[PDB]
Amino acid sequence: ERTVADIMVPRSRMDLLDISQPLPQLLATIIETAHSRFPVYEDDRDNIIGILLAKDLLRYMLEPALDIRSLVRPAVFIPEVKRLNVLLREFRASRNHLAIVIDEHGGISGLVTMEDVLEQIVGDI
């Protein structure tokens, strides 16, 4: 059956956020992209420190001293070889619908979402 590697967004195509950027710059980057969720890095683009849901930045208006770093949630890292039918079940049961994909040696390969899985599964039927 198919694997994550067949459907992932490749590493080179990922829209990422650098945690060291000032807020006004982060906002501009996010607004320019039509995605809701961003892997976040620090110091090197493969040094992923989590996932930011864009809408969480609205808490700037609800907390006097918002630390953006505290909004970054742990990423789910999944292997390239993970099969789609199992991943679908995982995503459906989970609060996280975006995973970072890693190769057989642990390198960052890409990202994948529940939508990508559903589309490929339906595309094969």
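A residue's number is simply how far along the shown sequence it sits, counting from 1.
When the C-alpha B-factors of 27-35 and 90-98 are averaged, 27-35 comes out higher. Look at the mean CA B-factor for 38-46 and for 69-77 in the entry; the higher one is 69-77. Residue-level temperature factors show residue 54 in the highest third of its chain, judged at the C-alpha atom. When all modelled residues of the chain are sorted by CA temperature factor, residue 12 is found within the middle third. In the deposited entry, the Cα temperature factor of residue 18 sits in the bottom third of values across the chain's modelled residues. For residue 118, the recorded CA B-factor ranks within the lowest third of the chain. Only modelled residues enter the ranking.
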